[PDB]
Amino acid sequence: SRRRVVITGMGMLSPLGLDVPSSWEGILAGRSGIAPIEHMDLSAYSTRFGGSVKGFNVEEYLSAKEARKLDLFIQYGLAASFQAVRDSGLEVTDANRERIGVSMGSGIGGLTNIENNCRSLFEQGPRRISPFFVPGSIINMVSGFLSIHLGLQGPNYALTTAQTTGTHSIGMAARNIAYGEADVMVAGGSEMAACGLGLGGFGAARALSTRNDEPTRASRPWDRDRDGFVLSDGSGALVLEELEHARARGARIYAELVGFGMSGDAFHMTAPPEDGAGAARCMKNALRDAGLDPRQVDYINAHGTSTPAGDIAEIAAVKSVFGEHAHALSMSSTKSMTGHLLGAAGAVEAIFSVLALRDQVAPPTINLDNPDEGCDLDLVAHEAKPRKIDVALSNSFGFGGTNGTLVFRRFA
């Protein structure tokens, strides 16, 4: 009894732009959105750069009063969520509002808000904690606020699976629709971790590039001189719709979401298995889910974080799943341009996977100057590659050995 799920709406904030067609222009032109951070003093930090959303005006979306109650990550997820709903042309009615849900997640949630309230608490005591500190900081408040704003009475939840969050949110929402629990879902992720604790936390884990002299060159997935990931901010939301609901209202359809894989590695808290066994199981489950032979995959949007162990583990995973086909598909990391939006990474990379299908073009991996040992696949170095893409795959893995794979197909 499994219903087909298609994408009818997309919304985005990224370091490359304030919407989807600005971010995508940047992806195809191979631009970086990485720069020295301007909103705080990082003198004592070992990393001083990352991907900020530049020029965000929350009052295009909310009243000043509404915005003052919400952490930036929630502001960001609402912006991308409202763009996606507008993009879909969906009309919410008394007849359909219990068939429309939301699954917007985040990896690290209201860390920035918690920092600012912590400063007030330490400087002047608990009477200075904002009344809205709790509702304004918790990860489900993108789902909560969106559903209250639009009157959505379908499944209302949030995933938090670290750097896998966006991929899991989109996949579980697909499941909701395929198994008849909803007809429409808004899904994706938002992240704003560019605070003392985020740069300091990930930096204490020795997980960040320290290439402070050349921020636009720091993120270089599968390059021999990679030294960790680049911390970035933003959001991605997709409108997922049962196929016949989309066709019934004359919705423009971007792609079909055919396959979803999850699988734990059970390996280590913060490092992947070098052999890519985790990504491997997950991609295979996603392909089984889609009813697709590995040889039908044309494009992979890699997780490709620019860490030493992560990048090579992903090459191994792909070689295992795809055998000889590995040298026929294209794989790239848009994190080379966007940096790592953590729990939003899978959301914005789903969108880029969908636009690779719409536009028949593999986005580049910029800064891929000297591919490392074993990195001999078509990694689309430096420049966008026009090619045939009928099937795009998007991979995410996260802390705690969490893995997510989405399979999208062109459809005409």
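Numbering starts at 1 and runs along the sequence shown.
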Going by the average Cα B-factor in the PDB entry, point out whether 339-347 or 380-388 comes out higher. 380-388
Which has higher Cα B-factors on average according to the PDB entry: 231-239 or 250-258? 250-258
Based on what the PDB entry reports, which of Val58, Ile34, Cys375, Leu355 has the top C-alpha B-factor? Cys375
Would you mind finding, among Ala158, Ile177, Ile312, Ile300, the residue with the largest C-alpha temperature factor in the entry? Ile312
Here the Cα B-factor of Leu393, set against its chain, lands in the third termed highest
Among the modelled residues of its chain, does the C-alpha B-factor of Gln163 lie in the lowest, middle or highest third? lowest
Third of the chain's Cα B-factor distribution that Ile27 belongs to, per the entry: lowest
Entry-reported Cα temperature factor of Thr334, expressed as the chain third it lands in: middle
Would you please rank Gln75 by its C-alpha temperature factor against the other modelled residues of its chain and give the third it falls in: lowest, middle or highest? lowest
